[PDB]
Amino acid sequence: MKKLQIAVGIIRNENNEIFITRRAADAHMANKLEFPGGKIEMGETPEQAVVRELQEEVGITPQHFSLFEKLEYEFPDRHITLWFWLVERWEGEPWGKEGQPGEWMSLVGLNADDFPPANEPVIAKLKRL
């Protein structure tokens, strides 16, 4: 099975809300809630990837973020490594720049069942911040 490196951004505002998008019906992990992000490309670092992905997907430039969690997940047909970046400062206002659903969700109200299963320990970790 193919093995991908994925960089995602946990976009947290000052009211402890997270900017969460929903994946398309024909995507892998279809219809799931997600942190915006995507594939790290050849020639780019994980730090560069999360910046580029958040610019493409939601129209913000992260600054002074940090690695919140790195983990491996074996899906039924693919293995990925997920780089979860905590993004607490950024330029711009996040929106559905690719036409995807996107909105602010209270951290305490997040339900891990709504996300890909790889996100479960990260969501649990965020809720103890």
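In case it trips you up, residue 1 is the first one in the sequence shown, and so on.
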Revision key, fill the gap. Ranked by mean Cα B-factor in the entry, 29 to 37 and 78 to 86, top stretch is 78 to 86
Review point. Looking at the deposited entry, does 53 to 61 or 40 to 48 carry the larger mean Cα B-factor?
Key: 40 to 48
Review point. Going by the entry, which third of its chain does the Cα temperature factor of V108 land in?
Key: highest
Review point. According to the PDB entry, is the CA B factor of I123 in the bottom, middle or top third of its chain, that is, lowest, middle or highest?
Key: highest
**Study point:** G92 - which third its CA temperature factor falls in, relative to the rest of the chain
**Key:** highest
